[PDB]
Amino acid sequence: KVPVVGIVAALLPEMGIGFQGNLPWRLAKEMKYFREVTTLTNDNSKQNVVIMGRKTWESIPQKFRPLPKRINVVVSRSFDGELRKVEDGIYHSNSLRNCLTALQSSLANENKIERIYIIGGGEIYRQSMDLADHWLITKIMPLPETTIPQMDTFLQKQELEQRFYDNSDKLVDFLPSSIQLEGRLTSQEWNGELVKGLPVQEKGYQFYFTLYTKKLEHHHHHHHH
């Protein structure tokens, strides 16, 4: 009942997201968007959750973790159970799927979680294609003069486009109300593909904030007792 939203910054056209345990770029305006989207809520009494792979947790600078004003969940196969408080603002879980079921319990959550953000790991993102209701994808393009950075971790663009459609016309409505963005909705062609979203430029890169939403599903079966 609480929306599950994958959120990621990916470099076009291969949708690379990482290299050697870290990000392949440093974009302050991209980080600002991420922080504000995942932190801010429409209901002032709720917080959002951020779920992440263990390797992604270990990549966040120790001073900035756990991410403030969000419930942090770190998933590891070596952790103890489905959703355990281990420190203030930190839950541990040995199962991505089970922790989500756990977080969706209104008895447990008191309807005080507004959104569940899946904030990554390539490995986590691979398993979230069937879990997420939406994807917030920052589509990043190196500007003409910019060197394409080396990358070893990738978003599954095939799986994304099988299950989700580009819903960027609804990005602004979809973001928490208090967020303000510098750009206006733009449609640009880039290396053959349509890039639609809210444009930003920083350092050697042009990027678009986009929103992907699950495709309409046929009604094949509804479980009756």
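Note that residue numbering follows the sequence shown and begins at 1.
Higher mean CA temperature factor, per the PDB entry, when comparing 68 to 76 with 99 to 107: 99 to 107. Averaged over their C-alpha atoms, the temperature factors of 40 to 48 and 176 to 184 are higher for 176 to 184. Highest CA B-factor among the listed residues (83, 136, 119, 116): 83. Annotation for residue 30: C-alpha temperature factor in the middle third relative to the rest of the modelled chain, per the entry. Per the deposited record, the Cα B-factor of residue 152 falls in the lowest third when ranked against the other modelled residues of its chain. Residue 145: CA B factor in the highest third of modelled residues in this chain (values from the PDB entry). In this PDB entry, the Cα temperature factor of residue 193 sits in the top third of its chain's modelled residues, the highest group. Among the modelled residues of its chain, residue 123 has a C-alpha B-factor that falls in the lowest third according to the deposited record.
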